[PDB]
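Same order as they appear, the protein sequences are chains A, B, C, D, E, F, G, H, I and J. Number 36 marks the last residue of the first sequence (the numbering used here); no jumps. Number 37 marks the last residue of the second sequence (the numbering used here); no jumps. Number 30 marks the last residue of the third sequence (the numbering used here); no jumps. Number 341 marks the last residue of the fourth sequence (the numbering used here); no jumps. Number 36 marks the last residue of the fifth sequence (the numbering used here); no jumps. Number 451 marks the last residue of the sixth sequence (the numbering used here); no jumps. Number 50 marks the last residue of the seventh sequence (the numbering used here); no jumps. Number 334 marks the last residue of the eighth sequence (the numbering used here); no jumps. Number 62 marks the last residue of the ninth sequence (the numbering used here); no jumps. Number 30 marks the last residue of the tenth sequence (the numbering used here); no jumps. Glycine is no exception: its CB is placed at the ideal position from the N, C-alpha and C atoms.
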Amino acid sequence: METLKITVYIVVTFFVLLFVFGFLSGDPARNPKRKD
Amino acid sequence: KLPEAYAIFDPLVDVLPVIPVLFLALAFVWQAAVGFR
Amino acid sequence: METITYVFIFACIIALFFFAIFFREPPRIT
Amino acid sequence: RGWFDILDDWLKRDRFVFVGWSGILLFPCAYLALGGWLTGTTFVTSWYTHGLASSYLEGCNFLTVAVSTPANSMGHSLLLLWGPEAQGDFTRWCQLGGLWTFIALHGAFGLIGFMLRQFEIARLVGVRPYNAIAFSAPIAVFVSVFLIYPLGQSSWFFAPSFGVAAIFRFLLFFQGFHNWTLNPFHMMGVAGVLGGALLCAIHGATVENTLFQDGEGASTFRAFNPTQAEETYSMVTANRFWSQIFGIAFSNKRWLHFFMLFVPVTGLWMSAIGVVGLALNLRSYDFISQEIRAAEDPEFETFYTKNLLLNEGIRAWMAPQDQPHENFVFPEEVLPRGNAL
Amino acid sequence: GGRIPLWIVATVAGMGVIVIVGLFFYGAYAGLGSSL
Amino acid sequence: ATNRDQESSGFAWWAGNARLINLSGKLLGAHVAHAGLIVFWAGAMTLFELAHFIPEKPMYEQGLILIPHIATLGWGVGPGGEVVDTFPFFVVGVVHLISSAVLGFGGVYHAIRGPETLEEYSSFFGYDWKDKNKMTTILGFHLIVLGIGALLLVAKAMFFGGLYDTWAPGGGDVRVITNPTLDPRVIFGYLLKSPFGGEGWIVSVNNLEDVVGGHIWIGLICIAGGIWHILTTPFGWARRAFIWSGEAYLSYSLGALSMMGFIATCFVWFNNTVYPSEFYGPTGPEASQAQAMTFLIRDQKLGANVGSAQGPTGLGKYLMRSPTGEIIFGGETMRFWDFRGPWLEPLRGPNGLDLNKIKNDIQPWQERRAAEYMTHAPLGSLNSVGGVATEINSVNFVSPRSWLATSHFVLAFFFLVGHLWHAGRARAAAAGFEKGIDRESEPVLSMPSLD
Amino acid sequence: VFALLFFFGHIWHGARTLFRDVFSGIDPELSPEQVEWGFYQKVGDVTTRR
Amino acid sequence: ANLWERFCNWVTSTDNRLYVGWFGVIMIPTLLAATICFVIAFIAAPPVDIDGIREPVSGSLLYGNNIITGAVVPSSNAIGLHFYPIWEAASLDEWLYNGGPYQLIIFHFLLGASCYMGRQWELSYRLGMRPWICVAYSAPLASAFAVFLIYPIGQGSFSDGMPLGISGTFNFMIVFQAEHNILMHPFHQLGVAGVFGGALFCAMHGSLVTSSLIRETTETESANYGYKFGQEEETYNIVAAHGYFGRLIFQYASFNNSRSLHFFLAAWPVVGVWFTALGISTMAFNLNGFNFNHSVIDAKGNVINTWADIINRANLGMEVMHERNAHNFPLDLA
Amino acid sequence: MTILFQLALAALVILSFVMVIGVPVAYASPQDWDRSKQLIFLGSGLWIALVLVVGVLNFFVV
Amino acid sequence: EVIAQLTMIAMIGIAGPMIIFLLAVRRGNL
Ligand code: CLA
Ligand code: CLA
Ligand code: CLA
Ligand code: CLA
Ligand SMILES: CC1=C(/C=C/C(C)=C/C=C/C(C)=C/C=C/C=C(C)/C=C/C=C(C)/C=C/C2=C(C)CCCC2(C)C)C(C)(C)CCC1
Ligand SMILES: CC1=C(/C=C/C(C)=C/C=C/C(C)=C/C=C/C=C(C)/C=C/C=C(C)/C=C/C2=C(C)CCCC2(C)C)C(C)(C)CCC1
Ligand SMILES: CC1=C(/C=C/C(C)=C/C=C/C(C)=C/C=C/C=C(C)/C=C/C=C(C)/C=C/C2=C(C)CCCC2(C)C)C(C)(C)CCC1
Ligand SMILES: CC1=C(/C=C/C(C)=C/C=C/C(C)=C/C=C/C=C(C)/C=C/C=C(C)/C=C/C2=C(C)CCCC2(C)C)C(C)(C)CCC1
Ligand code: OEX
Ligand SMILES: [Cl-]
Ligand SMILES: [Cl-]
Ligand SMILES: [Fe+2]
């Protein structure tokens, strides 16, 4: 059960870091009009 | 209760809390006065 | 037999979703 | 130029409130169903028919007033004011339930009037009459619920009464006696009503959020000219948005708006059909296979069995007062009850 | 024909409806239907 | 005609306050006048509560939500939460109401007569929303003000009378706090707790030392952050991450307030330390646990061996084990075994409720509190019929916890909608397509077909 | 049930009989004068203009 | 470019058949986990002790259900609001007995659906669209939060959350009515105005556009073929529809601004569903519907029943029978 | 001075009421910006003083 | 009495409209 718990913490953490860094990587500029 | 000194204002105290919402209504009287420009 | 039937029909719907999205008539700007 | 043609000219004059020939049916009957409901909820009791107060005059509020159905003992009497029950006595007509049939029958003819009005105005102006056709679903609901359903039962007593809390009681009666939630016709109706709300909201939001910029203002409402030729929003961008969000999307403006007529209209029709079955107690009450297992296997429990225990409590706890003419006397010891409650 | 300004009849009509409905809510606690 | 109509401001009357976005002085007026309304209501409402207050009745039978806040700070109350002097409530009331007039005055001065824009009057008070430096400066100052306010609570608790402490020995009392908790292992341990059953994240704080210590940390953090933002401007990663405009800042704050509304909702629903049940009524869990105690007490008095009484399901009628073994009250209330409260903890030993203590040490004051709390469970109708939905009219009661939770959930939810509204709008405005799609340059037309 | 459905058939073919002329759509050169208010004293009758 | 920036352009690409996006990076995993668990559970999960009284309710097709009676059953009342992941169980068998799959499904689902709302915002920004479709989805999303999260918070147990099942949904509705008189609650009455009205206006707008389609086709072809995707001109005479609908009611009861009309269509059902969502969320804190039980009495003080009292008689039948083995004390306080 | 308290306090009330209407009207007429900017001053001074008066007299009557 | 409370709110309540009214008469700056 310990192994499933660790695996899920790592998975969730991986995806949450993607979400956060993704939106920090200049998200406002990714639109079709003005690149600020 | 209020201290007996203030008792006579009990009915004014009784109505004061509704006064902030009249401000909201009053903006509508105002805008209708200016025709909702 | 009835459990198989319910799941069968459910399974046909999921396949229909797949075809309906990925093999729709493409909307063309004509 | 006969008198018929001159009357036709005047009935179809362009005026603030169009009349037409349909108006000769619509305005008297609508006004009388309205007026009769207002009168009865303001001033009239349900004491002799139901054992209930039902007017403001008795101190009911807007949620609890009703024009209540007549006594079971009237059967399906038309309850004419000049008929054998009331014998022309207005006061006693009010007391026996006359206003319920008064409203129910004038309202049915007013609904006919309104649909005829839709046909009438549609023909005069030059448009196809799909609005009339869609209005068939309200008519089907009203006719199956208020006329057919009681006609299959013992009497008008079991139709809905005209009031807010009276209709809720209807609702719950249908759960406890008919298991109406389990009925696939009602489910289809639910899907068409919720689905129609869904469509309503998603179409309006989509269009509001793919407007072209057709004016310089932050208020985007002034940049629409009704005579303009051009779509006011982008179908093309809307279709791409939903195709990528949801996987499919409308591409045909006409199909889309026909779909919008179809969904809610078809839903109401389906529920109408289920209610006709309930006129006959032709219910989807049970699942035989579940009952056969449950009866032999005291450890078999499902949400279906739990709900029927609820139905049984509704029936026993509500029958004596809801159906007073039955003189149900239920001693405490027969009332179904779980532990403690 | 047109002299009394619209905003004034609105305000007056508006206060008039407030009073009639306010009275109805008063009555929900007094006399018939108050449970007392 | 400086804005003030749709033609010049581009905004309709029903979006009229959006005509103020770049009129810092009139905007200042709108904010100060609004502050006056907040402070007015705190005044007028407290005075109303005082006029309607009967000290012999429990506060929670009287529809009071502000007096309970004052009493929690230790003014006007003594042992057991009994009211001993109402003068302080009058004082809080009057001083806010007087104060509301000076705010009012300055709001209407700035809204109607003052400069419409502050920037030509004064470079310290005027501001451009796009000035990242001025914005963190103002942010910085208000941080400082908030830090000061958290410390005024500390002042109240250590130096000016203490606080009401429902957990105080002998059934509760105002108590001066002398050893606040500064260990950051406790203080920030609260933030890392799970928000789920039996943990409850920061809502589980159950002693005034932790309360007063956390407000020492927050005071200094806010003061330090304020200085930080007065002395700095934002870094590059932050500049590229955010929209820098008036509406964007508004939408960030709406997000924040919405989050805070939901936390407060849960605070007043579960927490019986800073929302003492003496003042606000039992919590939902408290009332449900209190009913199991009541019938435990009743039956045990009649001769029932409550530890061995098997109920209908095979579980114990009065007592069972939680899923980790603790002895808890039986029945549906099995869900509420996480509850803790000063009337119940005396019966608690290391395995949960102690049967010897149950058999020997229940005092009459616990029987009283348990009956009091069962009959003031926070259930009731919108027209304040107390009880379950099927109860008959008679009892005129809805728990202030119900009133405070429901009102603040509704507000938190709408403020979340506000957030999405203005966040999305501030995004599209900054890229320049909030008014619509440009027909000559429709982006999608330049993109390849999906299929 | 069939009587109630057939009511819908009645309305459907009723409407198609009486509106056959516009069943495929309304007149693509319809005038705003026939549908806007006041212009014809009698609705949909052009002989009554003004 | 660099690897990170290659990934970033792909995530946010407007060229993918289904848009991913940053919200999508969270939505896709959580929805997949929720969907997979739900399907396996609905077919095969053994019975769940929903009410904590060692009385397992059977929810799955293999244990004797059909499509209508079947459900993923809420987690045990013994657990209350405690978090019960798989790894807190001593075995999957324990986890199944106590209703673990419900928690896993709803938490992954609420999280996936919230990201679905944000993803609607996200793609609207890449496409150059106005941003507020997601505000409309917020009405159904909020309603899902009410029945899966908020109502269990206020009552202290996910066991009183809505079951994931057709009949379990009805169980939930009936018992809600017993315990809160939701029918008598104005926020729910607003929900019905919202959804009845939504359907009404849906039929209306469809019927009126459909009535005023410009003739563009012969009687043998579908009239739908007179609209061509992307065409610049409109396919119906809104002026004709206003002239019909203005006369059916009166001229000023009828829209002739399309933008105003479609905003009404958005607003009415979204506001109404917001209110009913809020209705469930405030009854979660036991602020219930109007109670007019024994509100009319006569000059002596006999109770003169109204229709509210008849409703109460049915509510009491629901109350005394729901969860019939679960109460040992006379008030059902949560 | 139980009657002198209620004097001040009704004076205070009366003067609040006069200023609730006068101050916003004064402010939005530019015809009397200077006719009345002394009156808001006198009024404002009057007002704060009554609060103080009623605040000290409270402690000899309450 | 209740007549007290109503006369206060009658007075308080006509206060707002009266400002708008005076500023319109005095052709003020609404
Ligand atoms: C009202 C309060 C407030 C507001 C609105 C801001 C706003 C801002 N601050 Mg300031 N700050 C404040 C209070 C505030 N601060 C206080 C009180 C302190 C004292 C500690 C600081 C210390 C501080 C520093 C040191 C810095 C800022 C910075 C910033 C900017 C970026 C913030 C950011 O990226 O969001 C947060 C967004 C993130 C992406 C961060 C990661 C968020 C994760 C996902 C959440 C969890 C981590 C969280 C930060 C704390 C965890 C607690 C845990 C135990 C539960 C922005 C102008 C930055 C800047 O530009 O400096 C000028 C910067 O470097 N602030
Ligand atoms: C559109 C108008 C309209 C319609 C459809 C109805 C319809 C109805 N009303 Mg309402 N009513 C109306 C207007 C209308 N009313 C008005 C204006 C009032 C206020 C004065 C009322 C007041 C009222 C009351 C108080 C009551 C009704 C009742 C009724 C019901 C029974 C009517 C009945 O038995 O008639 C029988 C009469 C006829 C069918 C008319 C006879 C028609 C012809 C002339 C017969 C002879 C034909 C001849 C051989 C050939 C002639 C050919 C031609 C070329 C000349 C029915 C639902 C009753 C009800 O609802 O009870 C539950 C009831 O008690 N009505
Ligand atoms: C908290 C509520 C609040 C506040 C503080 C404001 C504040 C403001 N609004 Mg907004 N507004 C609101 C609600 C609010 N509004 C609502 C609900 C609506 C929708 C109807 C609007 C619609 C709206 C529009 C359409 C416009 C504003 C404008 C303005 C600004 C100038 C108003 C003006 O010129 O007045 C002129 C009015 C008067 C001179 C009439 C009297 C005004 C005063 C304030 C009466 C109050 C008396 C009060 C009792 C004070 C005395 C007490 C004192 C002794 C202590 C001002 C900053 C305007 C703007 O942006 O300017 C560019 C504008 O065009 N607002
Ligand atoms: C957010 C609050 C706020 C802000 C930022 C401003 C800002 C401004 N006001 Mg305004 N004003 C406000 C509130 C506010 N005011 C209030 C509440 C009133 C009612 C009295 C007024 C009444 C007012 C008038 C009548 C005038 C201004 C003027 C001005 C300008 C210069 C004022 C100045 O330099 O004084 C310098 C002030 C100081 C050096 C400090 C003394 C000020 C007080 C006593 C300090 C108190 C600090 C206190 C602890 C803060 C917390 C209080 C409470 C909330 C706890 C400036 C743009 C003037 C202007 O623009 O005219 C053209 C002007 O004539 N204001
Ligand atoms: C029946 C009958 C008849 C007839 C009658 C009539 C025709 C009646 C009418 C009546 C009417 C015709 C009535 C009316 C009434 C009304 C009312 C009663 C109203 C009320 C209202 C209200 C109360 C509302 C209010 C409001 C609200 C609530 C909210 C918003 C605002 C407003 C204002 C809208 C006859 C003779 C044949 C005989 C036989 C029987
Ligand atoms: C801007 C604007 C607005 C807003 C406004 C505002 C919000 C204002 C504020 C206002 C304010 C905020 C005010 C205040 C006032 C106050 C007062 C005036 C006070 C007084 C007091 C007194 C005088 C007292 C007395 C007493 C005592 C001491 C004791 C007890 C008894 C008594 C209570 C009697 C509007 C929307 C309209 C419109 C547009 C513009
Ligand atoms: C007083 C007190 C206390 C304490 C408290 C504390 C110590 C607090 C802390 C607090 C904290 C420390 C908090 C924090 C916060 C955080 C937040 C809330 C965050 C957020 C963030 C955001 C929102 C972001 C976003 C984003 C992303 C993620 C990406 C990029 C873009 C953006 C930026 C949009 C205690 C409990 C002991 C007790 C009682 C009293
Ligand atoms: C604290 C105090 C005080 C103060 C007070 C005040 C601050 C007041 C204010 C007041 C106010 C602030 C009021 C106002 C009023 C308002 C009103 C009364 C309005 C109403 C409205 C309406 C009626 C509306 C209508 C309309 C229109 C106009 C348009 C659209 C439609 C409608 C219908 C919505 C005094 C001095 C007493 C002294 C004692 C203490
Ligand atoms: O789990 Mn489902 O439900 Ca809401 O109350 Mn208490 O808990 Mn049970 O009984 Mn009735
Ligand atoms: Cl149940
Ligand atoms: Cl129990
Ligand atoms: Fe449309």
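Just so you know, the alpha carbons of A405/F and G317/H end up roughly 29 Å apart. DSSP, read as helix, strand or coil, puts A191/D in helix. Ranked by Cα distance from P282/F, the first of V108/F, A18/F and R401/F is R401/F. At least one heavy atom of ligand 9 is found less than 7 Å from the C-beta of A334/H. If the five residues before and after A29/A are omitted, its C-beta is found closer than 8 Å to the C-beta atoms of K35 and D36, all from its own chain and listed in chain order. With 16 or more other CB atoms across the displayed protein chains lying within 10 angstroms of its CB, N239/D is buried. For secondary structure counted as the alpha helix (DSSP H) over 4 or more consecutive residues, the segment 203 to 290 of chain D holds these complete runs in sequence order: 235 to 246 and 253 to 279. Shortest Cα-Cα distance from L151/D to any of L280/D, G196/D and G204/D involves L280/D.
Between the alpha carbons of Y127/F and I86/H lies a distance of about 54 Å. In the structure shown, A134/D adopts helical secondary structure according to DSSP, grouped into three states. The closest heavy atom of ligand 8 lies 7 Å or more from the beta carbon of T7/J. Between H257/D and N72/D, the C-beta spacing is not below 8 Å. Only residues of its own chain outside the window of five on either side were considered, and among them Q120 and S124 have a CB closer than 7 Å to the CB of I133/H, listed in chain order. Considering only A27/B, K1/B, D14/B and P3/B, the residue with the shortest C-alpha distance to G16/F is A27/B. Among the CB atoms of chain J, none fall inside 8 Å of the CB of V54/I. Within the same chain, Cβ atoms closer than 6 Å to the Cβ of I218/F are found at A150, the five residues on either side in sequence being excluded. Residue-level contact check: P150/D does not touch chain H, since none of the beta carbons of chain H fall below 8 Å from its beta carbon.
Taking the beta carbon of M8/J as reference, the chain B residues within 7 Å of it are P11, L12 and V15, listed in sequence order. Burial state of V209/H is buried, judged by a 10 Å Cβ sphere holding 16 or more other Cβ atoms.
Counted as a single uninterrupted DSSP element, the beta strand (DSSP E) harbouring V174/F occupies residues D173 to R175. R130/H reaches chain F at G424, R425, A428, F433, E434, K435, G436 and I437, counting residues in chain order whose Cβ is nearer than 9 Å. Nearest neighbour of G140/F by Cα position, chosen from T313/F, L296/F, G161/F and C222/F, turns out to be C222/F. Taking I392/F as reference, the option from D309/H, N328/H, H185/H and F329/H with the minimal CA-CA separation is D309/H.
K42/G and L18/G have their C-alpha atoms some 20 Å from each other.
According to the DSSP assignment, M1/C belongs to no alpha helix (DSSP H), since it is labelled neither H nor E.
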